[PDB]
Protein chains: 2
Amino acid sequence: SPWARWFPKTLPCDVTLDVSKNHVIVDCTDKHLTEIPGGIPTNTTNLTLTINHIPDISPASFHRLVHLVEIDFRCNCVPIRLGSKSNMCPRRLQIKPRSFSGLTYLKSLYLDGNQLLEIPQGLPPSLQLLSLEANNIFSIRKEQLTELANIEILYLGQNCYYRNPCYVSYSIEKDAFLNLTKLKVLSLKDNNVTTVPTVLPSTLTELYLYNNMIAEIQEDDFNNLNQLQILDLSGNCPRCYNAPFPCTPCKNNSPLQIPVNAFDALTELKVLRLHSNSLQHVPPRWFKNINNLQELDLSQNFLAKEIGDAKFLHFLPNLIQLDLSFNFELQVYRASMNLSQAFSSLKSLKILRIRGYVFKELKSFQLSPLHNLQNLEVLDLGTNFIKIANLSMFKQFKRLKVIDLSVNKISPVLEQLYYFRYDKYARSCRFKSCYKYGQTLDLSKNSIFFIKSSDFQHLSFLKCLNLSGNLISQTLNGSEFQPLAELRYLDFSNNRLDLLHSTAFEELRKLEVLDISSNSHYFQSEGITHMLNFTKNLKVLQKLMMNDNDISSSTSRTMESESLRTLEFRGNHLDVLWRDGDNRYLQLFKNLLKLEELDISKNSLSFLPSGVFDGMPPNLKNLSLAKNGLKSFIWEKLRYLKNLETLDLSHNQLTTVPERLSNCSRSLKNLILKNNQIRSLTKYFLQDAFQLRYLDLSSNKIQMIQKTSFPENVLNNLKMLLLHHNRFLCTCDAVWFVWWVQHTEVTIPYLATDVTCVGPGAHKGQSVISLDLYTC
Amino acid sequence: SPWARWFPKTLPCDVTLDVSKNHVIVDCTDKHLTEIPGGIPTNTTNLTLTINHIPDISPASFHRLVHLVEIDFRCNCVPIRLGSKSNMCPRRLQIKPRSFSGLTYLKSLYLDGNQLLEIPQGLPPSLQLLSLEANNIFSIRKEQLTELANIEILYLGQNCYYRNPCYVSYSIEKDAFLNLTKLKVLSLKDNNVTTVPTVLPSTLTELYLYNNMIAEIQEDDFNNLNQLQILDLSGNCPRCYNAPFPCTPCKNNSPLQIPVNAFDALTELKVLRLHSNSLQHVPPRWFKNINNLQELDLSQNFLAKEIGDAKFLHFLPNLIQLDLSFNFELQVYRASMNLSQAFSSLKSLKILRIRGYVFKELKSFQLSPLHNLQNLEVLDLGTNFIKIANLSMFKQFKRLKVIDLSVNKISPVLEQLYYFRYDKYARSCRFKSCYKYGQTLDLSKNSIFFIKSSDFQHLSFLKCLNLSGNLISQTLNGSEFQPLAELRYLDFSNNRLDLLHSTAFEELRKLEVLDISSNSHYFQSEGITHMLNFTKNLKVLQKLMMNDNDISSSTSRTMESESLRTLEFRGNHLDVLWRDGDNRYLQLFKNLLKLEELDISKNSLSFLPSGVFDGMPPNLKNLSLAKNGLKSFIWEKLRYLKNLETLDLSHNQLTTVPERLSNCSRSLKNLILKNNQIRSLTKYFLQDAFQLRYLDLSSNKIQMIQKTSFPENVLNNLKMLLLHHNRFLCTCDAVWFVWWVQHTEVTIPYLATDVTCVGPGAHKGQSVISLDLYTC
RNA sequence: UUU
RNA sequence: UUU
Ligand SMILES: *[C@@H]1O[C@H](CO)[C@@H](O[C@@H]2O[C@H](CO)[C@@H](O)[C@H](O)[C@H]2NC(C)=O)[C@H](O)[C@H]1NC(C)=O
Ligand SMILES: *[C@@H]1O[C@H](CO)[C@@H](O[C@@H]2O[C@H](CO)[C@@H](O)[C@H](O)[C@H]2NC(C)=O)[C@H](O)[C@H]1NC(C)=O
Ligand SMILES: *[C@@H]1O[C@H](CO)[C@@H](O[C@@H]2O[C@H](CO)[C@@H](O)[C@H](O)[C@H]2NC(C)=O)[C@H](O)[C@H]1NC(C)=O
Ligand SMILES: Nc1nc2c(ncn2[C@@H]2O[C@H](CO)[C@@H](O)[C@H]2O)c(=O)[nH]1
Ligand SMILES: Nc1nc2c(ncn2[C@@H]2O[C@H](CO)[C@@H](O)[C@H]2O)c(=O)[nH]1
Ligand SMILES: *[C@@H]1O[C@H](CO)[C@@H](O)[C@H](O)[C@H]1NC(C)=O
Ligand SMILES: *[C@@H]1O[C@H](CO)[C@@H](O)[C@H](O)[C@H]1NC(C)=O
Ligand SMILES: *[C@@H]1O[C@H](CO)[C@@H](O)[C@H](O)[C@H]1NC(C)=O
Ligand SMILES: *[C@@H]1O[C@H](CO)[C@@H](O)[C@H](O)[C@H]1NC(C)=O
Ligand SMILES: *[C@@H]1O[C@H](CO)[C@@H](O)[C@H](O)[C@H]1NC(C)=O
Ligand SMILES: *[C@@H]1O[C@H](CO)[C@@H](O)[C@H](O)[C@H]1NC(C)=O
Ligand SMILES: *[C@@H]1O[C@H](CO)[C@@H](O)[C@H](O)[C@H]1NC(C)=O
Ligand SMILES: *[C@@H]1O[C@H](CO)[C@@H](O)[C@H](O)[C@H]1NC(C)=O
Ligand SMILES: *[C@@H]1O[C@H](CO)[C@@H](O)[C@H](O)[C@H]1NC(C)=O
Ligand SMILES: [Ca+2]
């Protein structure tokens, strides 16, 4: 950070630099500002003020800031229902005239979420991007668009919908956008639009008309858009069954009415989204002149019958992605899957998703139309309530990256809300997985209670198997997964593993990662034999996760591995296994010879009995003891951890630091003490601690730091030093620290905002960075 | 509390009165004391000082306190391993001489957990009870027992064991206790005792010799104890398999050796505990002269074979309780249960526990020896890894109160640690269920994935069924429980209920309480139809618990009941169902016409949209909105809840109270605002709020309270007012409050200890009750 | 802070 | 705090 020494440390904003674009970026996101801060550098190019309470903008706002290419002034007055009900914006944002017209270089302007009533005027002709989402602008008129000749990108959505209502239909003047001769992207989503606006500039590449009241498309509506690549008409005549938002369908179960010739102009179309349009038929004719369609979304329609027919697919040999999820006929539970022969035409297909078709049995041959699709990578059949499926059918799908049968009822990545989101592409005010192991079979959240070898016959190619969230209550003995000779990752979390036998999992001879987290069930009942020593047999295991198992007893006293590097053991009861006076489990982790990372956070350890560190394995580097309620800690015992580099002690009740950190651990690089009860440092704390790089003392109760505790020869090595949310006393005794804080180049986050005096007197609440201690 | 106005409010101890015994009880438990407090009333009879740091006792300690009948001075210096590792006691408690000899009326003295080295001398002859547990007294000599002639009760345990070791065998002089001619109870547990001390006073009623190194009983050892009622020899030659403490068995798997005539003197014996004695045989001869034995514990032995034989039981026709739990042969999994014919002799038997026998199949006829035990109430067969059991066999057990099959592997109240506790009867430093509905079948924590009517065929008598913690993933439709016509309580928690059908549970026509908590599984996946309106059909349902289900969607918009009085709905996502601008679920609870208690805590409600309170059902009395992260609350809306009496708003972020509580809710009796961010009250807050009785403002950030906020005509009605852990400013502006706090008789808990100034100056940390504001 |  |  030598380039940053020119800028003031008092600025409550994060400053960064894109060298080679000569951009100075300044980020004042969510800093509780009522004024643009004075201090913003003259050379600032990208300025972000989103999530603040600046009530107006004037020519004074940006007078000095002549180099601005981008202003992000979003969410300073968000509509009532979109916003905080504690911090309700009293009055819309006021933009006085001539506020932007002076910015010759302004390429991007964001004014979303400010309750604006009309399109801001006075905008410079250099402007390429204008964003006005989540305002109250519901009438577009040619008169208002006169200064936007150079505009390429226009975002006008979310100005009239259930969360920001305008109480009328959206109005666009005939030809409103036609004279914007460089317009590439236009978004009119979530707006109560009733007809496609015409005529649109032929230069458009992307048009978003989704979530509106458009009941019909005219054959003329997209006539001239011969450069269009993305069209989204989704959510016009929506499918409302289980919608998690208020939802009015078109009268009489009617689909969005699209004439057969309506897409004929669209020769460049790559992407077509017709999600939630209540479609019953997909006429093949639609696609006659679209030869390069790559992505097609037909989810949330009523296309169950069509999936069995689907003549349209013969016209899509370059399609990469096809989504037909959630097309089930209400109240019907089909016996089986009827996939059309036509799916065999989809020669370029990489991703097929057919969630929510809703059927009882998947027979091997019902996916045969896909067997010869050479490029198919993902087949998603989740959320189908499938009860029966012979998994061996996926031998015909070795070439796939992912076979997803998540959320079904089988017995012997996309975001969680996705197909049922109102607008999954919506912008927040804040901003603008084992697949890498190879072939993956995802059986998570099914009803598998018992597994046996024969279940995985013909699946020896699998690299990752996800059995998370089944019902498996079995004493695994090393015979259940015998065919999975190539398996590298197994997720067995959220089952009810019964570790009676130490031969469990031994047959997975290439296993690298095993997750048996959240199998607490048998660990919670007394008198049950549990063998934690099963690790010995897994000869290439690197990572073992056994979190949230409530482990408080083990019949074996040692875990052993020649290979394991990482062990997550959080949310167990090491406090019970290491009860004071009981030596038996002090060497629990000692024979994990290659162990470098150990997480024993959330284990309810008020104290560590002696023996614990001596019993750690010799290569331990990363140790977490976070969130244990620790109240004391013999720092001297760190001498036993000769390779320790990171010690996470956050979120405990430690009241002291070691007298001499260098006499405790020569190797220690990162020490994390945040959220403890430390009231003072020790006199020579960091002395001679040359190896230290990172030190978090944030969220403690520290009053004073003196120079002897914090020698410069150490501090100037620190990559980072965190000191915020402490109880700093700002008397003349604190003068070294106050001065040092003001002048050091050591990185201290939240320095301007949250390193604050608690006293005395009128110093309360005042940043230490701004403090003038002229009498000391 | 008029009797209590005589005692000082500054006393950091709870004072109470047993009228009619003329006892004044004073409790200073855990108040961080280094001195006995001055202020303890002269008439104090029972004084408790446990869990403090008083380093010595002298004649000054109790000079004034001449009426003391009981001193509880435990745990002022607990042994290192038993105690806090943060607050380690530096030095044993010092008892200077003549400290007790002046107390003519002292009947009970507790000095446990003070690292004492010898038995305290100078004790008054009125003493009936002396307790010295958890000290370092490991040699008993007749010389030391000279002042104890009147002693009835002596507790000497926990002076030499794995958590407080003495490093030698315990020593008792021959005849040590013989001359204590009134000794009734003697406890030598947890002491490294190697032989039964002889000869013991014949007046003994209870003798606790458990958890020791006693390998043999001599035929003479209990010769003269013809009044003995309780004998505990447990844990001498322990069974160590899966012991959760360090455990050395007697050499060569050897049992505790008890001669066949060893109990012949014990004609009064009611209770015999032989838990964890590695017994292989129970010779019938032991019980020849014990005709009134009521309770017998033979758990944690090696009696699996003996349970199939068991001739000793013919000699126990008055036995009420028999425990044979955890007798399995290591490494053996029996095909079935072999119960001896002899169990049919147990004519008085009420409770039989046979956990941990460990067998695969329970056939109907294998319990036939119990069929004609007329008084049998509890049959406990938990933790047996039973895989098969025809539940209809319990038609032969209609008369039982509880049939417990908890923790087995069946596919189509004791504390948690109990049989594996080191000492389940141990004293803490601090102190010294659906069964009521009728017949209960507990199938919790089994492997039941599917249920059907025929499973419950001859079980129509059941009143309570616990299916908690099975694997049930089924769409219940009202046919699965048809035979359970008399069922009143069903616990279906920790399954995976799939509420597709609104007919679920309708067949349980007499159902009063239904628990479907922790069935979150299908609620977490989008697009799944869920019918919360199933409540309509259950015509006598009183209480419905549906906690921690993560509910964020429902196909139905209303829950309906003519009968339901309590609904627990905590740990769901009402925030999503009541998203601002979505009206559809604002009447979710409206048609629960008789609903009086609603818990919607932990539902992630930053705010309540309007409509919520209007949509509450008309008889709502008890509402919890705790732990929601609420940041604002329109108090005026409480007008809609015309019968509200309790409002729990604890653990939120509210920053204000209503301007006028009486203009918000005339009916409100208990208002709970603890753990919020309230900084000041409103000027007339409680004015005219005559109906208020309970008000918790603890753990806020309150600086000042003025008289206008807190009128006396309201306050003097308050049963309780909580004000602790606030941020009180102690200036002259606070004078009304400081004075009022000092003189009111309103109950304010923690007044002496935790109502404290934060400022200004040297007032910091000082109790407001002690504050002298003489200049105001 | 005798479990 | 546009989900
Ligand atoms: C600073 O603002 C400029 C102008 O809005 C951003 O420029 C974009 O940069 C990306 C890649 O970095 C290009 O693909 C876009 O074409 C540019 N947009 C325009 C309108 O010119 C720049 O990225 C911003 N930088 C930061 C770090 O926020
Ligand atoms: C979308 O526009 C419609 C009409 O095109 C709005 O509906 C009108 O709203 C007012 C106030 O609720 C009613 O008095 C009228 O009856 C409605 N008219 C019709 C024809 O429905 C609607 O509010 C707009 N939607 C949003 C979300 O703003
Ligand atoms: C109970 O007494 C035994 C012996 O009676 C103690 O064992 C001795 O302990 C010390 C230190 O562990 C050894 O050096 C001795 O050699 C042991 N002697 C024998 C005879 O075993 C034991 O420590 C005592 N137990 C407790 C818990 O205090
Ligand atoms: N944990 C477990 N133990 C079993 C089972 N079946 C028999 N056992 C035996 O039960 C005892 C306690 O777990 C041990 O002796 C086991 O060998 C089972 O399914 N799970
Ligand atoms: N919740 C649930 N829905 C099912 C099941 N089988 C079919 N469905 C159908 O799937 C859709 C979503 O639940 C509804 O139309 C249901 O009728 C099942 O086992 N559970
Ligand atoms: C599925 O297709 C088969 C023939 O391949 C046919 O018998 C059946 O009617 C189809 N099912 C439905 C529900 O349309
Ligand atoms: C499942 O299919 C495979 C052929 O891929 C066959 O080996 C196996 O026997 C089938 N099992 C069942 C239960 O249908
Ligand atoms: C297994 O499935 C669950 C989704 O049901 C998911 O949370 C988990 O991440 C998956 N595992 C892996 C390794 O991706
Ligand atoms: C209270 O103590 C006094 C002084 O020792 C005694 O005279 C008086 O009788 C006691 N009161 C009662 C009710 O015992
Ligand atoms: C259980 O008793 C039967 C006879 O009723 C006997 O044949 C069987 O072997 C017994 N089992 C064992 C393990 O002793
Ligand atoms: C269980 O026993 C009952 C007799 O009480 C009988 O009705 C039934 O056939 C048995 N059920 C099974 C599944 O064996
Ligand atoms: C059901 O059993 C579990 C023990 O697994 C217990 O938590 C629960 O309290 C029992 N339910 C009732 C109503 O007693
Ligand atoms: C469940 O469905 C209906 C109840 O409405 C019933 O007639 C049917 O027989 C039931 N079937 C099963 C298999 O539970
Ligand atoms: C539950 O709601 C659904 C539709 O929302 C309706 O079909 C059904 O009749 C309702 N059932 C009851 C018992 O109220
Ligand atoms: Ca200055």
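Hydrogens, waters and symmetry mates are skipped; everything else that's a heavy atom, side chains included, is used. Just so we're on the same page: letters track the sequence lines, and every chain starts at 1.
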Participant: For the side chain of A/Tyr161, starting at C-beta, report the closest nucleotide among D/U3, C/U3, D/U1.
Facilitator: D/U3
Participant: Could you check B/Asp112 against B/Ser131 for side chain to side chain donor-acceptor pair (under 3.5 Å), going step by step and ending with a plain yes or no?
Facilitator: CA-CA 6 Å; B/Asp112 320 74; B/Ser131 204; 2.5 Å; yes
Participant: Looking at B/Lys85, I want to see if its NZ is surrounded by more than 12 non-hydrogen atoms of other residues, nucleotides or ligands under 6.0 Å.
Facilitator: yes
Participant: Taking OH from A/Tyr155 and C1' from D/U2, how many angstroms apart are they, rounded to a whole number?
Facilitator: 14 Å
Participant: Would you say a side-chain N or O of A/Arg427 is under 4.0 Å from OP1 or OP2 of D/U1?
Facilitator: no
Participant: Can you measure A/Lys424 atom NZ to D/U2 atom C1' for me and round it to whole angstrom units?
Facilitator: 17 Å
Participant: Of the nucleotides C/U3, C/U2, D/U2, which has the atom closest to the B/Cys75 side chain?
Facilitator: C/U2
Participant: Under 4.0 Å between any heavy atoms, over every strand shown, what does B/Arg81 touch: base, sugar-phosphate, or nothing? Just pick one.
Facilitator: nothing
Participant: Using atom NZ of B/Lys85 as one end and atom P of C/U1 as the other, report the distance to the nearest whole Å.
Facilitator: 8 Å
Participant: B/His53 near the nucleic acid: base, sugar-phosphate alone, or nothing, with a heavy-atom cut-off under 4.0 Å?
Facilitator: base
Participant: Classify the ring geometry between B/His53 and B/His32 as parallel (under 30°), tilted (30 to 60°) or perpendicular (over 60°).
Facilitator: parallel
Participant: With heavy atoms under 4.0 Å as the rule, sort A/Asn76 into base, sugar-phosphate or nothing.
Facilitator: nothing
Participant: Tell me: CG of A/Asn135 to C1' of D/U2, nearest whole Å?
Facilitator: 10 Å
Participant: Under 4.0 Å, heavy atoms only, any strand: does A/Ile51 hit a base, just the sugar-phosphate, or nothing?
Facilitator: base
Participant: More than 12 heavy atoms of other residues, nucleotides or ligands under 6.0 Å from OH of B/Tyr750: is that the case?
Facilitator: no
Participant: Starting the side chain at C-beta, find the nucleotide from D/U3, D/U2, C/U3 nearest to B/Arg163.
Facilitator: C/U3
Participant: Checking all strands, does A/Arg74 fall into the base, sugar-phosphate, or nothing category for heavy-atom contacts under 4.0 angstrom?
Facilitator: base
Participant: Calculate the interatomic distance between A/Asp580 atom CG and C/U2 atom P; express it in whole Å.
Facilitator: 13 Å
Participant: Quick check on the 6.0 Å ring-centre criterion: do A/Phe326 and A/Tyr419 meet it?
Facilitator: yes
Participant: What integer distance in Å separates B/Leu111:CG from C/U1:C1'?
Facilitator: 16 Å
Participant: Please work out if B/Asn87 contacts a base, only the sugar-phosphate, or nothing of the nucleic acid, heavy-atom cut-off 4.0 Å.
Facilitator: base
Participant: In whole angstroms, how far is the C1' atom of C/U3 from the OH atom of B/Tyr419?
Facilitator: 18 Å
Participant: Which nucleotide sits closest to the side chain of A/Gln158: C/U1, D/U3, C/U2?
Facilitator: D/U3
Participant: Could you give the CZ-to-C1' distance, from B/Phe73 to C/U1, as a whole number of Å?
Facilitator: 15 Å
Participant: Under 4.0 Å, heavy atoms only, any strand: does B/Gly113 hit a base, just the sugar-phosphate, or nothing?
Facilitator: nothing
